[PDB]
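Following: one structure in C-alpha cells, then a few remarks.
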Amino acid sequence: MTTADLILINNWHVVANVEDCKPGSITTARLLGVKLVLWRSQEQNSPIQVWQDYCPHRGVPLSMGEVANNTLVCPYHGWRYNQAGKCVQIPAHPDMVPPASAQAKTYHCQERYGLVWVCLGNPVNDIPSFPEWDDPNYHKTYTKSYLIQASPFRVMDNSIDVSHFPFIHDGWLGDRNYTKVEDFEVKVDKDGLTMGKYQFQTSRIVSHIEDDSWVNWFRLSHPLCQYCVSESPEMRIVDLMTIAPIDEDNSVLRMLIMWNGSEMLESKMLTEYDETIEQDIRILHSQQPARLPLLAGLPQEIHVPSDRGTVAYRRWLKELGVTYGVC
Amino acid sequence: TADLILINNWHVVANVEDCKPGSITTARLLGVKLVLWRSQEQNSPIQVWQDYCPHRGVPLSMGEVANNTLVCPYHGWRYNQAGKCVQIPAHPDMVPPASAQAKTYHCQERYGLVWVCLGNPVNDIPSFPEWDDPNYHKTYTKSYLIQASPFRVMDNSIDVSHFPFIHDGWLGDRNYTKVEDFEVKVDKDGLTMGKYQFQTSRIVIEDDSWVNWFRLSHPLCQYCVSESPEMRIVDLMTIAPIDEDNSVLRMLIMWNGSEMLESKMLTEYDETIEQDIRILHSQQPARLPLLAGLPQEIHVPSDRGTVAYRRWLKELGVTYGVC
Amino acid sequence: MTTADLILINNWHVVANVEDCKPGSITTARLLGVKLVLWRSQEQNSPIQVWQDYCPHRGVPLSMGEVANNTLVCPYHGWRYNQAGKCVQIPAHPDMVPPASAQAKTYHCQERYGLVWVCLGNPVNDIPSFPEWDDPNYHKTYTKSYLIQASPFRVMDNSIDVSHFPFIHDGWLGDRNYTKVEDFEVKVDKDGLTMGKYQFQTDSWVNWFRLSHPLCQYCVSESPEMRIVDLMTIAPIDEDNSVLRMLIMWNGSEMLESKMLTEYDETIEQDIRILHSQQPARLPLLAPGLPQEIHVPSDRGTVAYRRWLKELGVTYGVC
Ligand SMILES: N=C1N[C@H]2[C@H](COC(N)=O)NC(=N)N3CC[C@H](O)[C@]23N1
Ligand SMILES: N=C1N[C@H]2[C@H](COC(N)=O)NC(=N)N3CC[C@H](O)[C@]23N1
Ligand SMILES: N=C1N[C@H]2[C@H](COC(N)=O)NC(=N)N3CC[C@H](O)[C@]23N1
Ligand code: FES
Ligand code: FES
Ligand code: FES
Ligand SMILES: [Cl-]
Ligand SMILES: [Cl-]
Ligand SMILES: [Fe+3]
Ligand SMILES: [Fe+3]
Ligand SMILES: [Fe+3]
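Residue numbers (the entry's author numbering), protein chains in the order written: chain B, 1 to 296, 304 to 334; chain A, 3 to 206, 209 to 296, 304 to 334; chain C, 1 to 202, 212 to 297, 304 to 334.
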C-alpha cells in the first residue's frame, strides 16, 4: 500500500502532536503504507526519532521494545539501536562488531508548530508556512485527531469546497436561506492552489450574533495541508489543517487553530470545529468512488462554477503526478 | 454486474408497506444501490433510482424529500420525480446542466410488493392468480437476509427430497423418506414441477396428504400451490439478488381457509425457512454449480427438478451467482 | 489455501487429541487448507475416521450430520456413509445402489502417543519417534492447543531459536543478567536437524533437540534432579495460521504436572506475543519493502533450519 508518487514520498507529513511524545516514550504511526515508530530518550529536550517500525534481525516491531538510555531496545533478542539507528549492542555476542546491516530504517523528522513532521524520502520542499504561529496576538488550540475512512485527497477536496456550507453546516457556517455562492477567484501557480477572498453569510458561535458576514481565503502549497484564514470585522481566525495519508483509503485529519481574540473563546472554537468536522466526515465516509476522481459504471462528476476551486484541485493533482488515492 | 436475463427482469426489492408517503428507503439489487422515495401526496408513486448524486457522489438516500423532489444533503441539488435536477442552490438562476440527472429505474407496485427492473422490461411481472380471489386471505412473511447465492436459495426451494430430514415434523416424515416419481418440464412458460404427494400433517390434522406443484416463469420467483382436501395454500416466493453471494427472501402466502390461521401460517413458514437457511449458509461453494478441490455434484432421480433448474440457468445464459 | 509440497502433503500431522474424540462424536479440524471431519461410531474402541468435511451430493459439511450406528448421516437429504466412506443408503431411493461416486474423500489416520495423526497424501514418512513414551518411569501430560496467527514455519523457527531466552523468557528460561550465548553445534543430515547440547546461565538445565519432521520437534532438557522430554507438534492450518501442541514427559514426581503446565503456558504465550507481530508472516528463507534478515553466530540453528527447508523444497508458509 505504498506510493512511488514523489510529491508524496518526498514531502513532509504530520504524524503526531509533540505533546504526545514524552521523553522516554514510544509511540506508533502509519504513513503512506509504512509503519512508523516514534521514540525519545529520557533526557530533557531529547530529539524525536521516527523509524520504520521493524527490527531487521527477525522482523519484530521495534515499538514493542523499550527505551534504555539513548537507545531503543528490541524485545526479542535485545539488540540496541542508538539515536542514529545503528545497532550498538548485540547481547548474545557482546564483543562482536555489529554488521553494517544492523541498522534501523530512519526517516527525516522535524518538530514545527508543535507537530511532528516526517519525510519518508528526500525532502525537496519545506514544511508549509504558518505565519501566525510566531504572532503573540494569536492564541492557539489543537483539535483532536480525526480518523476518516476516505482517501486523503477526498478529505482535502471537501475542505476546499465552499458551496456545501449552507447545507451540511446549516446553522454553523451557512444559512439555508442564503444558499447562493458569491463569485470568487482561484489560482494554481508557484504558490500552489490559492482560493481568493470568498464572502459568505453566517453568524458563528465564536463571535457576536450580528457579526454575520465572514470572508475566507486559503492556500495549499502542499496538496494535503491547507492554510485557511477566516475573517470578520470583529475577529480573525487562521488554521493549519493537515491530512496524514495513512493509506489510499484512510486519513488522519488534524487542525491547529489560531485566533486574534480572547483566550476565553477556546472552548467554543473547539466546539464549532468538532461540530463541522463531524458533519463533513458523515459526507466523506459516504462518497463513492473512494478515490478522488480527477478530471476526464458510475456517472462522471458534474462541475458548476462554484466548483472552480475543487476543479482546480483535481487539475493540480494531475499536474503534480498524483496517482495514490485518486482515480 | 449481472447478465441481461437478470437485468431485464422484474425483482421485488421491498413491500409497499415499507414505503410510506414522504419516506426514503434503500435497497440493493444485482450490486446496484437503490434509493426508493415518495412524496407526501396521497397515493404518490414510488421512485426507484440509483442511490447516487452525480455532482460529488453522495448517496441521495442521505437527503430529504421536499414537496415533489428529492434533495441531496451535500450541496442541496433538487431532483424532480423524473430524476432531473431542477435547482442548483449555489447558482439559483442557472439552468442545471442536462447531465444533472439521477439514474432512474422502472418500478411497479403489484401484489403489495415493489417490483424493479434495472434494464428494459421485456418480461411481465410473474402471475399470481389468487391475488384478487375473494375466497383467499393473504399474509406476508418478514424478509430474510440469506448469506447465499440467490440461485442456491432457489435451488433449495425447488428441492423436494430434503423434507423428511431438515423439515422433519413440518413438511416431511423421517419414516417416509422415499420420493415418489414426478415430472418436470422446462418450456417457454419457464420451469414447472408436476404434482407430487408427500405424507405429512401441517399445523395449518388427519389432513396428512398434500399435493403440491410449482412454476417458475422467472429464475428467482416461484409460484407454489399446496392443496389438501381441506384447504388450498399458494405462495409467491421472491428472491432478491443483492449480489452474487447474498439474497433477500420474501413470501406472499394466500389461503382459502379461515383468516384466523394467519399466525400459525407465519410460524410454519418461519420454522421451515429458518431450517433451510441453516443449510444454505453452510453449502460450499457459495455460488450454484451448473452441470460441470471439491468434487462435482452428484444427481439422483429425485434431483430431476434441481437438475432441470441448472440446465435452465445455462440455457438462459446465467453467469452471475453461479459457478 | 492448499499446497503441493510433498514434504507437507505426504507427511503426518497432529490434528486432535484422542481424548477429544469420544465414541459417537463428531469434531472438526483444518489441515493445509482442507476442512476435516473426524468421527467415531458409538461402539467401544471404534476407529477414528478423518474425511474431507463435505457431502458430494449438494455440498453440505458432513460435520453437521449425526452418527448412526456405524455410519455418518448427512443432515440435508440423509445420505449414509459407512466407516470406509462409501455411501450405503440414499433414503429418497431406498432400494437403489448409490452411484459409485457417492463416497467421502477419506484420509489416512493413526492414533499415536495419544494424538490423532493425519496424512492427506501418500504416507511416505513415518510418524516421528518418541522414545520415552514406552518408558514406565516417565509421566505424561498434554498442553491445551494454541492457535497462533503465524506461519507454522515461523512458529518452528521461534522454537529452534535459543538466544531470545533472556529477553522474552526472563525469569523462566533465561536471565537478563546472562545474555551471552555460548557456542553450540547444529547438524542437518538425513535424520533431519539436530541441535547439540546447550545450557543457559541463570543447577542449570542442559538441553538438545531434534527435528526429523520440519513441523515436529523432540526436545530434551536435563538437570541433576530430573529429565523432561517433549514432542512439540505444529499443525499447519494454512500458510499463515498454526496450532501448537506439546506432549510433555518427565521422570520426577507426578505431582509436578500443574506447575509444568503453567510454566509451559507462560513461555508459550511469551513466544506467541512475538510470533503474532513478526513481519513478513511467512518465514524468509536464505538468499532471496522490508530488508533481508540478519544472522549472527547464535542464529546457527535457525539458519540451518532455513537451509533445510530450501533443500526440502518447502514453498508453503515461507517466502
Ligand atoms: N471544519 C472546518 N472549519 C472551517 C475553517 C475555516 O473557517 C470557515 N469559516 O470556513 N477551517 C478550515 N480549514 N476550513 C476548510 C473548510 C471550511 O472552511 C473549514 N472546515
Ligand atoms: N418454507 C417453505 N414452505 C414450503 C411452501 C409449500 O408451498 C405451499 N404452497 O404451501 N412454500 C414454498 N415456496 N415452498 C418451496 C419449497 C417448500 O415446499 C416450501 N418452502
Ligand atoms: N515453551 C517452551 N518450553 C521449552 C521446553 C523445553 O523442552 C523440555 N524438554 O523441557 N519445550 C520446548 N519444545 N522448547 C523448545 C524451545 C524451548 O526450550 C521450549 N519452549
Ligand atoms: S528481532 Fe530484534 S533483536 Fe532479534
Ligand atoms: S454531491 Fe449532491 S448536490 Fe453535491
Ligand atoms: S447434501 Fe448430503 S445428502 Fe444431499
Ligand atoms: Cl416506472
Ligand atoms: Cl373465512
Ligand atoms: Fe465542510
Ligand atoms: Fe426446505
Ligand atoms: Fe521462546
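We put the beta carbon where it would ideally sit given N, CA and C, even for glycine.
Counting along the chain, the unbroken alpha helix (DSSP H) around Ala-319 (chain A) starts and ends at 315–326.
Distance from the C-beta of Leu-173 (chain B) to the nearest heavy atom of ligand 1 is below 7 Å.
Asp-189 (chain B) is bridged by DSSP to B:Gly-192. Under the 8 Å criterion on CB atoms, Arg-80 (chain A) is classed as non-interfacial with respect to chain B.
Around the CB of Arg-58 (chain C), 16 or more other CB atoms lie within 10 Å, so the residue is classed as buried. Inclusion of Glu-263 (chain A) in the 7 Å shell around ligand 8 follows from its C-beta lying nearer than that to a non-hydrogen atom of the ligand. Nearest C-alpha to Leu-6 (chain A) among A:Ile-243, A:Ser-251, A:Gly-121: A:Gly-121.
A distance below 8 Å separates the beta carbons of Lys-180 (chain C) and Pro-94 (chain B).
Segment contact: the region 23–37 of chain B against the region 21–30 of chain A, fewer than three CB-CB distances shorter than 8 Å; contact not assigned. Taking 7 Å as the cut-off, the C-beta of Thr-317 (chain B) does not count as close to any heavy atom of ligand 9. Scanning chain C for C-beta atoms nearer than 7 Å to the C-beta of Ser-163 (chain A) yields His-77, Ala-92, reported in chain order.
When the beta-carbon positions are compared, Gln-149 (chain B) and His-285 (chain B) come within less than 8 Å of each other.
Straight across, the Cα-Cα distance linking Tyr-146 (chain B) with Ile-257 (chain B) is about 15 Å. Not a single heavy atom of ligand 1 lies less than 7 Å from the C-beta of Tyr-138 (chain B).
Here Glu-132 (chain C) carries a helix assignment [DSSP, helix/strand/coil].
Short note on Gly-85 (chain B): C-beta not closer than 7 Å to any heavy atom of ligand 4.
Residues of the region 262–295 of chain A that bring their beta carbon within less than 9 Å of a beta carbon in chain C comprise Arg-282, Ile-283, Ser-286, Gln-287, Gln-288, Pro-289, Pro-293, in sequence order.
Secondary structure note for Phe-167 (chain A): its alpha helix (DSSP H) is the uninterrupted segment 165–168. Chain-order list of chain A residues neighbouring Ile-168 (chain B): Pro-75, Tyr-76, by C-beta distance under 8 Å.
Checking the 7 Å criterion, the Cβ of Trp-133 (chain B) is out of range of every heavy atom belonging to ligand 1. Annotation for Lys-35 (chain C): the continuous beta strand (DSSP E) segment containing it runs 34–39. Taken through DSSP and simplified to helix, strand or coil, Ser-101 (chain C) comes out as coil. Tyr-81 (chain B) and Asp-239 (chain C) have their C-alpha atoms spaced approximately 36 Å apart. The closest CA to that of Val-124 (chain B), considering only B:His-310, B:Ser-221, B:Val-333, is found on B:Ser-221. Among the residues facing chain A, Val-333 (chain B) is not included, as its CB has no counterpart in that chain under 8 Å away. Taking a C-beta cut-off of 7 Å against chain C, the contacting residues of the region 33–59 of chain B are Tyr-54, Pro-56, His-57, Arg-58, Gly-59, listed in chain order. Three or more Cβ pairs closer than 8 Å define a contact, and the region 89–109 of chain B meets that threshold against the region 174–188 of chain C. With contacts defined as CB atoms closer than 8 Å, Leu-292 (chain A) and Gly-332 (chain A) qualify as a contacting pair. At a cut-off of 8 Å between beta-carbon atoms, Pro-306 (chain C) makes contact with chain B. A residue is called buried once 16 or more other Cβ atoms fall within 10 Å of its Cβ, and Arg-154 (chain A) is buried on that count.
By the Cβ criterion, the region 31–42 of chain A is not in contact with the region 260–278 of chain A, since fewer than three pairs of Cβ atoms, one from each stretch, lie closer than 8 Å. DSSP places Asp-280 (chain B) inside the alpha helix (DSSP H), whose first and last residues are 266–286. At a cut-off of 8 Å, the C-beta of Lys-325 (chain C) has no neighbouring C-beta in chain B.
Per the C-alpha coordinates, the member of B:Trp-172, B:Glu-43, B:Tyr-142 positioned closest to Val-18 (chain B) is B:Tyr-142. In terms of Cβ geometry, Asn-158 (chain A) and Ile-48 (chain A) do not form a close pair [threshold 8 Å]. The three-state secondary structure of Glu-111 (chain A), taken from DSSP, is strand.
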